Amino acid sequence: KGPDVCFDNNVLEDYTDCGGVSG
Amino acid sequence: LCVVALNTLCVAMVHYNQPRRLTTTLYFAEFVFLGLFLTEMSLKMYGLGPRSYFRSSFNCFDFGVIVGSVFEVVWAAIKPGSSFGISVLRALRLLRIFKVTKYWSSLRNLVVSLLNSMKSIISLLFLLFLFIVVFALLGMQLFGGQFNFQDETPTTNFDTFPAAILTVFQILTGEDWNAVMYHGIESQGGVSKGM
Amino acid sequence: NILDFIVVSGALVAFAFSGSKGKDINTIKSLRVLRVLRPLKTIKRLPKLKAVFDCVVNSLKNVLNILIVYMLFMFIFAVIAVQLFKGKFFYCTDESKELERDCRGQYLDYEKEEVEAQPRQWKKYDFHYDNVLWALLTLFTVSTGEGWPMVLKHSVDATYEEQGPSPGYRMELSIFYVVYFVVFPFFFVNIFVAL
Amino acid sequence: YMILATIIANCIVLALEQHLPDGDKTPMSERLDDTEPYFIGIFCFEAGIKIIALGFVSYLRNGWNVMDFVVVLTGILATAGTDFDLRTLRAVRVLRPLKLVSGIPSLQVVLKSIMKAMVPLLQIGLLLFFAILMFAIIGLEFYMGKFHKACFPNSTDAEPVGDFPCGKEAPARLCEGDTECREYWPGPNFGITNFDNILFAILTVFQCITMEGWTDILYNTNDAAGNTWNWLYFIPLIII
Amino acid sequence: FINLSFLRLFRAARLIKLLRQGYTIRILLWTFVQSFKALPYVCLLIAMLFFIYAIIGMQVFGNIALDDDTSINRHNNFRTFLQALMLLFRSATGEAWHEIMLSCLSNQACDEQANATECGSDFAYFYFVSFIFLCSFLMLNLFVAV
Amino acid sequence: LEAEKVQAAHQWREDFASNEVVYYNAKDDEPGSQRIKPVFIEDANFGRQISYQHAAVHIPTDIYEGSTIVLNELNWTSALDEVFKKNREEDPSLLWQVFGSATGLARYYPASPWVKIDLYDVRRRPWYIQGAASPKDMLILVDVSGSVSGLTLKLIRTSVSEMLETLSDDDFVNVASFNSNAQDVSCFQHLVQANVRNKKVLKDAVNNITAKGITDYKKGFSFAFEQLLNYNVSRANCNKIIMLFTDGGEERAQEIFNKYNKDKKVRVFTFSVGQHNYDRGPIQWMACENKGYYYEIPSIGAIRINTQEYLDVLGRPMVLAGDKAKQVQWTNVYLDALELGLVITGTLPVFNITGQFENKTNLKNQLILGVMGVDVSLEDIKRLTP
Ligand SMILES: *[C@@H]1O[C@H](CO)[C@@H](O[C@@H]2O[C@H](CO)[C@@H](O[C@@H]3O[C@H](CO)[C@@H](O[C@@H]4O[C@H](CO)[C@@H](O)[C@H](O)[C@H]4NC(C)=O)[C@H](O)[C@H]3NC(C)=O)[C@H](O)[C@H]2NC(C)=O)[C@H](O)[C@H]1NC(C)=O
Ligand SMILES: CCCCCCCCCCCCCCCCCC(=O)OC[C@H](COP(=O)(O)OCCN)OC(=O)CCCCCCCCCCCCCCCCC
Ligand SMILES: *[C@@H]1O[C@H](CO)[C@@H](O[C@@H]2O[C@H](CO)[C@@H](O[C@@H]3O[C@H](CO)[C@@H](O)[C@H](O)[C@H]3NC(C)=O)[C@H](O)[C@H]2NC(C)=O)[C@H](O)[C@H]1NC(C)=O
Ligand SMILES: CC(C)CCC[C@@H](C)[C@H]1CC[C@H]2[C@@H]3CC=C4C[C@@H](OC(=O)CCC(=O)O)CC[C@]4(C)[C@H]3CC[C@]12C
Ligand SMILES: CC(C)CCC[C@@H](C)[C@H]1CC[C@H]2[C@@H]3CC=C4C[C@@H](OC(=O)CCC(=O)O)CC[C@]4(C)[C@H]3CC[C@]12C
Ligand SMILES: *[C@@H]1O[C@H](CO)[C@@H](O[C@@H]2O[C@H](CO)[C@@H](O)[C@H](O)[C@H]2NC(C)=O)[C@H](O)[C@H]1NC(C)=O
Ligand SMILES: CC(C)CCC[C@@H](C)[C@H]1CC[C@H]2[C@@H]3CC=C4C[C@@H](O)CC[C@]4(C)[C@H]3CC[C@]12C
Ligand SMILES: CC(C)CCC[C@@H](C)[C@H]1CC[C@H]2[C@@H]3CC=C4C[C@@H](O)CC[C@]4(C)[C@H]3CC[C@]12C
Ligand SMILES: *[C@@H]1O[C@H](CO)[C@@H](O)[C@H](O)[C@H]1NC(C)=O
Ligand SMILES: [Ca+2]
Ligand SMILES: [Ca+2]
């Protein structure tokens, strides 16, 4: 039996920073 | 001549971690020297004439150096990064020292003969460059992509054309050519096969 | 006879200072190594050795003008190299860090499969271009041909005034070294032999 | 001047190629590979015009024309070659930059002038070869298989701790710590610089005369058999 | 009892026996050898240069501690006259003369048998540069004389 | 709660020269701090000597204490000692209470000296990993084309082996390799539970790969996306991530990303491994477009840090969920690093909420400050069951 908690694909996530623009 | 000597002294004092006052002083002295040299190349060109001024080869060199210095100055403001270093070439204007001596004729005749056979010099240099290119292509075919060893890939490899031509030039100079030979032999199989 | 005078006076001074404690031991060492000039006394006594020494000195005087020109060109190249490479020859012990403030503490050295704790220290390359004298020494080493691939790699990998190296950052800078090899070891040194 | 443009473009195409290990290829590699048969066709057309203008065995009487014909023939064979033994034929396309030597007679005259001063050097090379051979033989008589001993710790995994030869007791270099000099270890430089047979000795002597790493071989002999007499082999070798 | 292994060289000498067939190598080799034997004082001057520089290196950098993974070690050092001459010849040909120069500059760990605890000097710059220049100049002078 | 409240009121001093920080660094016999010499009385319930007067701080070998981030952490974490003491006061039978920061240092109570080389990293610990992010459905794509041969192949193998160590029994992982043809590195063919046996099998399989062929990103990504849509077998039904281990390429393949993940339901993490001059443009573009991140691994020393940082990306939905995403979780029975035997650790993440009253920063508040943990020994459970 797996955990019954899942946290992903939030609408308010920024995700505007990568490792490419910074460096 | 004294102005050129002072310019050489000013440009020879640049060093790492110099005081900011010295940096600003040199920055302004570069402009002052450029303006002075520009005023000595216009007054001497009007007092001699464009055809008579360009007759001497060293005056043509001076004009080229002045144009390059102006280009460096304008290019060092729109994008201040590194710098070509043409402003140092004015130190060659100290070659006027030999004029007052008895060795002016001997040193001037060597430059006259060098300029006389310029096409031969260019042809010889181009033939050397062509042989270097041919050997670089041969090295690219023989060892291109085969230098990826278990440890770090050597910089002196034959993967790209610039790397291959640098390797060929270094082997021509003769420094550490045995290391490149060992790397090639290891790439081709080792001591057993590929020797 | 002047040289004989320095030899004798230095020996006498060393003997006089010997009969005491180690007063200025560095001066004692200097006066001790001064005694090497004893074989030089043989040059005058042997007429043939004096003649060959005179011939060597005459040959040296025959190329003084070209030596001066070569030194001027080398100084110009050294100044250009200082302008291009001053401050950029610093590196951290581990390649992960790029700044002096970051190169502090200890890191893990993954060599010879032992992963040892090694101290991080912001060092400078052995042959650099911080000032004109260091550039002259580096260019002399390059002209001799020993270890010039290392300085070529360091120059190519140099990034900025106070930043650590990055491989293949500025490859075009190799042109400089190529030009150097075209002008000094190849050209200039071959006109010494001819002269 | 249209044939010279074909050559310069071919040279630029050759310089733009990139080689990757184990069969990997960049898209530009295939893009440039697709350009080859137009070059081969242009070269074959020019060769055909020169043939129908000059004949055969006086067109082939010129060495540069012989080189051009060999280049175009190898290219044609590569085009019609599906077999995998084309490496010795695809390595001929590096002579293409030499074709512009044939197109410019001034470069031909310069090359003739530079190469006419190397014939009297040939005898020197012959003498040089003799010297190398002689020294090689001497090496083969003294340093045959002397660099194969190393300080293996305990024959656990046959991994030497130091990259220097041995001599068991003797004036040669000894092991420190818990190591013994067991038989067989490739050699100083991956086992390349040694005097096992005449070919290895010749290669080592040729490396020595160029004064590149000769001191490493001298030190290897010194710590393999003592430093009393090894200088008498290398100093005359370097000098001569 | 007696270490006798040099006699094999005699057999390796048979190569010289076939050097007489060539009518253009013998006349050149003999000519250059006879010119060499006519100018011994140039060689004497070069030998004096080597002697002086070897003695100077002995006096200045003699007591540098021998360490591996460096340029002053059991193979290349200034300890004895023969070792100094070997170092000078190695630098004259040119292998790691810059590395040797860096290996002795004013701050080297000093040997545990000498007197001074900090031996070595920054005089190695001038020493090595002048030695290289003078050796090259005298060798070129000998070449041109021959 | 106390850690969040204290860290909210932080001034972030840029210099610590005049006012040094006072803390007891472990594993000890520099300007910016002053150390503490404790008494270290020998105590029962622990196998070693401990001191209840303060809390010890462990900093990894490759992380330099005295940096601005570390000094600020040692500043604002000094308020946890009072809560440590109070928690012990309410329960004298309490084992280690630890706070592992995202910076890298762990502050644990009671103070005790640390246990050759020390490779311990707090962010690699299972109790930190289970609370740093929710369970996941990792799928590792490996570029095994000709260009990766040499150093950048053993580096990729080591990176994959270290990445597998960040999974647990609640995560599901699979490893696939592609060179103009995609395939599985082993005989699993679908996601596995990523337990000890499956992880060992995958490590053995990835240690035996060879580099040859021409890269084709389209086929590899199609294989990965079709593998992540199985639903025939047991999975985690949580974070779906494709972790790409390559060097460089000239193709970004908008077609595959548009076809498979149109609504961006699968994150893509891309790693550039080795020292090379290949084009990194598409590698970073695929990471940016798919809610992922871009990492560079140029040597072995960068393997450990870069293979653990992706959990910062996966923690954004948890921190943006709010107080509902704050539950105590218990790890599997493992062996304590401080030589205490078999223990289980409670876990509770800590959020960075500086200036959240005005709701204006919201930029670095998407990451966790760290993870709190408390150790429960199996001997206590045995004692509760006579
Ligand atoms: C919790 O989140 C808050 C904000 O949401 C965060 O507080 C912020 O911390 C950063 C530092 O990480 C502060 O940044 C200031 O401004 C710049 C940007 O970092 C710094 O100047 C240099 O910046 C470069 C890169 O931009 C950097 O490499 C360099 O080291 C910096 N310093 C130099 C060159 O000296 C400032 O130094 C930095 N600090 C100042 C100005 O004091 C933000 O200002 C902070 N914002 C707020 C509202 O406080 C906090 O750190 C998060 N919690 C944790 C534990 O990190
Ligand atoms: C145109 C081209 C012309 C080419 C001409 C070439 C001329 C130069 C030739 C140089 C040859 C002499 C140098 C020999 C190298 C010595 C190598 C060596 O290690 O010898 C030691 C050897 C025994 O080795 P050891 O380590 O002592 O014992 C343990 C291993 N057996 O043996 C010993 O125990 C010591 C014996 C060796 C040292 C003395 C050898 C005689 C040298 C006399 C002077 C040079 C004679 C030149 C003869 C020319 C023809 C060969
Ligand atoms: C991070 O470091 C800071 C400086 O090292 C700490 O700031 C210091 O905290 C002290 C304790 O609160 C203060 O001492 C007293 O503060 C009261 C406040 O009203 C005043 O009486 C005085 O300022 C002071 N009294 C005496 C007798 O010293 C310091 O003033 C204060 N600032 C300093 C030392 O510059 C932070 O507390 C620390 N962070 C944490 C979380 O502890
Ligand atoms: C062509 C002619 C006109 C030039 C004459 C010689 C000077 C211009 C050169 C020769 C010595 C050079 C000096 C060589 C050594 C040094 C020391 C150097 O000082 C430092 O490095 C201090 C910084 C530090 O090390 O902490 C500054 C450059 C300076 C004086 C150089 C400045 C330019 C100098 C004075
Ligand atoms: C007698 C002379 C002419 C012999 C040498 C001929 C030079 C013109 C050759 C040898 C070195 C070559 C250089 C070798 C290395 C480089 C750097 C390189 O520049 C790049 O930007 C490479 C791009 C990349 O990083 O992929 C290619 C040009 C350049 C200077 C080459 C240009 C042609 C050079 C200058
Ligand atoms: C399991 O996955 C497959 C495909 O990934 C699903 O589709 C079935 O595939 C099998 C292949 O042998 C075939 O029965 C049919 O092509 C598909 N079945 C259909 C369309 O009913 C399959 O539905 C998934 N689930 C199960 C329980 O098999
Ligand atoms: C002919 C004699 C006097 C040589 C004088 C010309 C020398 C100093 C010139 C000729 C070509 C020049 C180089 C041409 C291109 C570049 C690339 C640039 O990004 C940095 C400077 C650098 C590397 C220049 C340095 C100066 C240079 C080497
Ligand atoms: C006297 C002859 C050789 C003329 C050459 C003089 C110059 C080039 C040489 C001669 C002796 C040398 C000095 C000898 C010893 C030392 C001690 C060292 O810790 C610093 C450098 C210093 C001070 C040297 C500097 C360079 C020096 C002054
Ligand atoms: C292995 O090492 C031991 C001591 O370390 C020593 O007896 C010997 O070198 C080896 N033992 C053998 C060969 O039995
Ligand atoms: Ca060399
Ligand atoms: Ca690839």
# chains A, B, ... in the order shown; residues from 1 in each chain; ligands from 1

call {"tool": "interface_residues", "arguments": {"of": "chain C", "to": "chain D", "cutoff": "12 Å", "atoms": "only C-alpha atoms", "output": "number ranges by chain"}}
result
C: 112, 145-147

call {"tool": "residues_near_ligand", "arguments": {"ligand": "ligand 5", "cutoff": "9 Å", "atoms": "only C-alpha atoms and all ligand atoms", "output": "ChimeraX atom specification"}}
result
/B:124-133,160-169 /C:168-179,181-182 /F:277

call {"tool": "write_last_selection", "arguments": {"atoms": "N, CA and C atoms", "output": "compact mmCIF listing (two decimals), in the first residue's frame"}}
result
# COMPACT_ATOMS: atom_id res chain seq x y z
N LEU B 124 56.68 31.37 -49.29
CA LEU B 124 57.28 30.36 -48.42
C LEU B 124 56.42 30.11 -47.19
N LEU B 125 55.92 31.18 -46.57
CA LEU B 125 55.06 31.02 -45.40
C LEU B 125 53.77 30.30 -45.76
N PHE B 126 53.20 30.61 -46.92
CA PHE B 126 51.97 29.93 -47.34
C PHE B 126 52.22 28.46 -47.64
N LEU B 127 53.37 28.13 -48.22
CA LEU B 127 53.70 26.73 -48.45
C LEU B 127 53.85 25.98 -47.14
N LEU B 128 54.50 26.60 -46.15
CA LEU B 128 54.60 25.99 -44.83
C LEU B 128 53.22 25.78 -44.22
N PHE B 129 52.35 26.78 -44.33
CA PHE B 129 50.99 26.66 -43.80
C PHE B 129 50.22 25.55 -44.51
N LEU B 130 50.40 25.42 -45.82
CA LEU B 130 49.72 24.36 -46.57
C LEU B 130 50.19 22.98 -46.13
N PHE B 131 51.50 22.82 -45.93
CA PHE B 131 52.01 21.54 -45.43
C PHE B 131 51.46 21.25 -44.04
N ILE B 132 51.37 22.27 -43.19
CA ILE B 132 50.80 22.09 -41.86
C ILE B 132 49.34 21.65 -41.96
N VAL B 133 48.59 22.25 -42.88
CA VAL B 133 47.18 21.89 -43.06
C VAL B 133 47.06 20.45 -43.54
N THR B 160 39.08 18.19 -33.72
CA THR B 160 38.70 19.31 -34.57
C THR B 160 39.90 19.84 -35.33
N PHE B 161 39.62 20.63 -36.36
CA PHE B 161 40.70 21.22 -37.16
C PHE B 161 41.59 22.15 -36.34
N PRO B 162 41.08 23.08 -35.52
CA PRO B 162 42.00 23.90 -34.71
C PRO B 162 42.87 23.08 -33.77
N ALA B 163 42.30 22.06 -33.13
CA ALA B 163 43.10 21.22 -32.23
C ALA B 163 44.17 20.46 -33.00
N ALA B 164 43.81 19.91 -34.16
CA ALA B 164 44.78 19.17 -34.96
C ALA B 164 45.90 20.07 -35.46
N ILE B 165 45.56 21.28 -35.90
CA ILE B 165 46.59 22.18 -36.41
C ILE B 165 47.48 22.68 -35.28
N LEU B 166 46.92 22.91 -34.09
CA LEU B 166 47.76 23.25 -32.94
C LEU B 166 48.69 22.10 -32.58
N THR B 167 48.19 20.87 -32.62
CA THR B 167 49.04 19.71 -32.34
C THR B 167 50.17 19.61 -33.36
N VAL B 168 49.85 19.81 -34.64
CA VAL B 168 50.87 19.73 -35.69
C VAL B 168 51.91 20.83 -35.50
N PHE B 169 51.47 22.05 -35.16
CA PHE B 169 52.41 23.14 -34.93
C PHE B 169 53.31 22.83 -33.74
N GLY C 168 39.23 26.03 -22.65
CA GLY C 168 38.83 26.46 -23.98
C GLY C 168 38.03 27.74 -24.01
N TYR C 169 38.25 28.65 -23.06
CA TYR C 169 37.47 29.88 -23.02
C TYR C 169 37.83 30.80 -24.18
N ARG C 170 39.13 31.02 -24.41
CA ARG C 170 39.61 31.89 -25.48
C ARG C 170 40.67 31.14 -26.27
N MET C 171 40.23 30.40 -27.29
CA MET C 171 41.15 29.65 -28.14
C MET C 171 41.91 30.55 -29.12
N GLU C 172 41.26 31.60 -29.63
CA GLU C 172 41.88 32.49 -30.60
C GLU C 172 43.17 33.13 -30.09
N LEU C 173 43.32 33.25 -28.77
CA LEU C 173 44.55 33.79 -28.19
C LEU C 173 45.78 32.99 -28.59
N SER C 174 45.61 31.71 -28.95
CA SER C 174 46.73 30.93 -29.45
C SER C 174 47.42 31.59 -30.63
N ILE C 175 46.67 32.33 -31.46
CA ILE C 175 47.28 33.09 -32.55
C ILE C 175 48.50 33.85 -32.05
N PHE C 176 48.34 34.56 -30.93
CA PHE C 176 49.45 35.30 -30.34
C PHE C 176 50.69 34.43 -30.25
N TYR C 177 50.59 33.29 -29.56
CA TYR C 177 51.74 32.42 -29.42
C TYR C 177 52.26 31.98 -30.77
N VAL C 178 51.37 31.62 -31.69
CA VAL C 178 51.80 31.24 -33.03
C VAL C 178 52.63 32.36 -33.64
N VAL C 179 52.12 33.59 -33.58
CA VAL C 179 52.86 34.72 -34.12
C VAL C 179 54.22 34.82 -33.44
N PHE C 181 56.00 32.44 -32.17
CA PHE C 181 56.90 31.40 -32.66
C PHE C 181 57.35 31.70 -34.08
N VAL C 182 56.52 32.40 -34.85
CA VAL C 182 56.93 32.78 -36.20
C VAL C 182 58.03 33.83 -36.15
N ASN F 277 32.88 20.57 -25.20
CA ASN F 277 32.47 21.83 -25.81
C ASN F 277 31.17 21.69 -26.60

call {"tool": "residues_near_ligand", "arguments": {"ligand": "ligand 7", "cutoff": "12 Å", "atoms": "only C-alpha atoms and all ligand atoms", "output": "ChimeraX atom specification"}}
result
/B:61,65,68,72,81-93 /C:69-70,72-85,152,155-156,169-184,187-188

call {"tool": "residues_near_ligand", "arguments": {"ligand": "ligand 8", "cutoff": "12 Å", "atoms": "only C-alpha atoms and all ligand atoms", "output": "PyMOL selection string"}}
result
(chain C and resi 6+26-27+29-31+33-34+36-37) or (chain E and resi 53+56+59-61+104-108+118-131)

call {"tool": "write_last_selection", "arguments": {"atoms": "C-alpha atoms", "output": "PDB file, in the first residue's frame"}}
result
ATOM      1  CA  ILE C   6      88.648  41.364  -6.637  1.00  0.00           C
ATOM      2  CA  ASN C  26      75.130  35.522   3.847  1.00  0.00           C
ATOM      3  CA  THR C  27      78.116  37.784   3.172  1.00  0.00           C
ATOM      4  CA  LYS C  29      78.623  32.708   1.533  1.00  0.00           C
ATOM      5  CA  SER C  30      78.901  35.445  -1.106  1.00  0.00           C
ATOM      6  CA  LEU C  31      82.628  35.892  -0.487  1.00  0.00           C
ATOM      7  CA  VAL C  33      81.294  31.729  -3.935  1.00  0.00           C
ATOM      8  CA  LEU C  34      83.306  34.700  -5.236  1.00  0.00           C
ATOM      9  CA  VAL C  36      84.960  30.700  -8.591  1.00  0.00           C
ATOM     10  CA  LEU C  37      86.779  33.240 -10.797  1.00  0.00           C
TER      11      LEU C  37
ATOM     12  CA  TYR E  53      78.804  27.334 -13.843  1.00  0.00           C
ATOM     13  CA  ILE E  56      78.707  28.235  -8.905  1.00  0.00           C
ATOM     14  CA  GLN E  59      78.202  26.578  -4.001  1.00  0.00           C
ATOM     15  CA  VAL E  60      74.739  28.149  -4.217  1.00  0.00           C
ATOM     16  CA  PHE E  61      72.203  25.323  -4.642  1.00  0.00           C
ATOM     17  CA  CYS E 104      65.499  26.149  -6.167  1.00  0.00           C
ATOM     18  CA  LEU E 105      64.243  29.657  -5.303  1.00  0.00           C
ATOM     19  CA  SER E 106      64.940  31.087  -1.857  1.00  0.00           C
ATOM     20  CA  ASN E 107      62.345  29.029   0.038  1.00  0.00           C
ATOM     21  CA  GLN E 108      63.215  25.372  -0.544  1.00  0.00           C
ATOM     22  CA  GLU E 118      66.474  27.604   4.669  1.00  0.00           C
ATOM     23  CA  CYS E 119      68.835  27.163   1.717  1.00  0.00           C
ATOM     24  CA  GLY E 120      68.348  28.172  -1.887  1.00  0.00           C
ATOM     25  CA  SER E 121      68.291  31.643  -3.404  1.00  0.00           C
ATOM     26  CA  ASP E 122      66.451  33.757  -5.975  1.00  0.00           C
ATOM     27  CA  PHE E 123      69.765  34.003  -7.865  1.00  0.00           C
ATOM     28  CA  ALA E 124      68.640  30.986  -9.928  1.00  0.00           C
ATOM     29  CA  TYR E 125      66.852  33.297 -12.389  1.00  0.00           C
ATOM     30  CA  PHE E 126      70.046  35.010 -13.550  1.00  0.00           C
ATOM     31  CA  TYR E 127      72.043  31.789 -13.167  1.00  0.00           C
ATOM     32  CA  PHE E 128      69.863  29.753 -15.519  1.00  0.00           C
ATOM     33  CA  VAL E 129      69.083  32.527 -18.019  1.00  0.00           C
ATOM     34  CA  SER E 130      72.745  33.511 -18.355  1.00  0.00           C
ATOM     35  CA  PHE E 131      73.837  29.876 -18.593  1.00  0.00           C
TER      36      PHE E 131
END

call {"tool": "select_by_dssp", "arguments": {"residues": "range 39-119 of chain C", "states": "alpha helix (DSSP H)", "output": "PyMOL selection string"}}
result
chain C and resi 42-45+47-61+64-85

call {"tool": "interface_residues", "arguments": {"of": "chain F", "to": "chain B", "cutoff": "12 Å", "atoms": "only C-alpha atoms", "output": "list in words"}}
result
residues 146, 147, 148, 149, 150, 151, 152, 153, 154, 155, 211, 274, 275, 276, 277, 298, 299 and 300 of chain F

call {"tool": "write_last_selection", "arguments": {"atoms": "C-alpha atoms", "output": "mmCIF file, in the first residue's frame"}}
result
data_model
loop_
_atom_site.group_PDB
_atom_site.id
_atom_site.type_symbol
_atom_site.label_atom_id
_atom_site.label_comp_id
_atom_site.auth_asym_id
_atom_site.auth_seq_id
_atom_site.Cartn_x
_atom_site.Cartn_y
_atom_site.Cartn_z
ATOM 1 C CA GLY F 146 29.751 7.268 -29.331
ATOM 2 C CA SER F 147 30.470 10.725 -27.880
ATOM 3 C CA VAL F 148 30.054 9.644 -24.237
ATOM 4 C CA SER F 149 32.882 7.102 -24.414
ATOM 5 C CA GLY F 150 35.862 7.646 -22.114
ATOM 6 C CA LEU F 151 35.751 9.759 -18.952
ATOM 7 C CA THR F 152 32.183 10.968 -19.554
ATOM 8 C CA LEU F 153 30.985 7.341 -19.522
ATOM 9 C CA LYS F 154 32.377 6.322 -16.134
ATOM 10 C CA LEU F 155 31.216 9.717 -14.863
ATOM 11 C CA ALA F 211 29.188 3.625 -25.694
ATOM 12 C CA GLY F 274 31.995 15.564 -18.531
ATOM 13 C CA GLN F 275 34.398 18.161 -19.883
ATOM 14 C CA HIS F 276 33.357 18.996 -23.440
ATOM 15 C CA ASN F 277 32.472 21.834 -25.805
ATOM 16 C CA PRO F 298 32.207 18.128 -14.786
ATOM 17 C CA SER F 299 34.059 15.762 -12.420
ATOM 18 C CA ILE F 300 33.603 13.213 -9.646
#

call {"tool": "atom_distance", "arguments": {"atom1": "CA of residue 226 in chain D", "atom2": "atom 26 (O, counted along the ligand's line) of ligand 2"}}
result
5.4 Å

call {"tool": "residues_near_ligand", "arguments": {"ligand": "ligand 4", "cutoff": "10 Å", "atoms": "only C-alpha atoms and all ligand atoms", "output": "ChimeraX atom specification"}}
result
/B:4-19,91,94 /C:72,75-76,79,130-134

call {"tool": "write_last_selection", "arguments": {"atoms": "N, CA and C atoms", "output": "short mmCIF file (atom, residue, chain, number, x, y, z; two decimals), in the first residue's frame"}}
result
data_model
loop_
_atom_site.label_atom_id
_atom_site.label_comp_id
_atom_site.auth_asym_id
_atom_site.auth_seq_id
_atom_site.Cartn_x
_atom_site.Cartn_y
_atom_site.Cartn_z
N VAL B 4 58.03 59.64 -27.88
CA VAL B 4 57.83 58.20 -28.05
C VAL B 4 58.44 57.43 -26.88
N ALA B 5 59.62 57.86 -26.42
CA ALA B 5 60.24 57.20 -25.27
C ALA B 5 59.38 57.34 -24.02
N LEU B 6 58.81 58.53 -23.81
CA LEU B 6 57.93 58.73 -22.66
C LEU B 6 56.68 57.87 -22.77
N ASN B 7 56.13 57.74 -23.98
CA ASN B 7 54.97 56.88 -24.18
C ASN B 7 55.31 55.43 -23.87
N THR B 8 56.49 54.98 -24.30
CA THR B 8 56.93 53.62 -23.98
C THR B 8 57.07 53.43 -22.47
N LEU B 9 57.65 54.41 -21.78
CA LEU B 9 57.77 54.32 -20.33
C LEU B 9 56.40 54.25 -19.67
N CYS B 10 55.45 55.06 -20.14
CA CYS B 10 54.11 55.05 -19.56
C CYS B 10 53.41 53.71 -19.79
N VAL B 11 53.55 53.14 -20.99
CA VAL B 11 52.85 51.88 -21.27
C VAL B 11 53.55 50.69 -20.62
N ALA B 12 54.82 50.82 -20.26
CA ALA B 12 55.55 49.71 -19.65
C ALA B 12 55.34 49.60 -18.15
N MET B 13 54.61 50.51 -17.52
CA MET B 13 54.38 50.46 -16.08
C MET B 13 53.10 49.73 -15.70
N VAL B 14 52.34 49.22 -16.67
CA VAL B 14 51.10 48.52 -16.36
C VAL B 14 51.41 47.19 -15.69
N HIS B 15 50.79 46.94 -14.55
CA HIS B 15 51.00 45.70 -13.81
C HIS B 15 49.73 45.36 -13.04
N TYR B 16 49.67 44.12 -12.57
CA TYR B 16 48.52 43.65 -11.81
C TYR B 16 48.46 44.34 -10.45
N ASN B 17 47.24 44.68 -10.03
CA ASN B 17 47.00 45.35 -8.75
C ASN B 17 47.75 46.68 -8.65
N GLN B 18 47.69 47.46 -9.72
CA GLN B 18 48.24 48.80 -9.70
C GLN B 18 47.26 49.76 -9.02
N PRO B 19 47.76 50.85 -8.45
CA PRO B 19 46.86 51.82 -7.82
C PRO B 19 45.91 52.44 -8.83
N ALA B 91 56.24 51.84 -29.76
CA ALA B 91 57.60 51.65 -29.28
C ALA B 91 58.58 51.34 -30.41
N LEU B 94 61.13 53.89 -31.62
CA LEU B 94 62.49 54.09 -31.11
C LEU B 94 63.56 53.64 -32.11
N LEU C 72 64.09 44.88 -28.19
CA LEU C 72 62.97 45.80 -28.32
C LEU C 72 61.70 45.06 -28.74
N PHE C 75 60.43 43.11 -25.79
CA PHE C 75 59.79 44.00 -24.83
C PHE C 75 58.38 44.38 -25.29
N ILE C 76 58.21 44.66 -26.58
CA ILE C 76 56.89 44.99 -27.10
C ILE C 76 55.94 43.81 -26.91
N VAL C 79 55.02 43.47 -23.22
CA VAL C 79 54.03 44.46 -22.79
C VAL C 79 52.64 44.07 -23.29
N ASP C 130 52.14 38.95 -14.80
CA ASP C 130 51.69 39.99 -13.88
C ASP C 130 52.30 41.34 -14.20
N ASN C 131 53.60 41.38 -14.50
CA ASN C 131 54.28 42.60 -14.88
C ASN C 131 55.22 42.30 -16.05
N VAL C 132 55.92 43.33 -16.52
CA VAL C 132 56.73 43.19 -17.73
C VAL C 132 57.89 42.22 -17.51
N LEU C 133 58.46 42.18 -16.31
CA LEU C 133 59.58 41.27 -16.05
C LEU C 133 59.13 39.82 -16.06
N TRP C 134 57.99 39.53 -15.43
CA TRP C 134 57.46 38.17 -15.46
C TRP C 134 57.10 37.75 -16.88
#
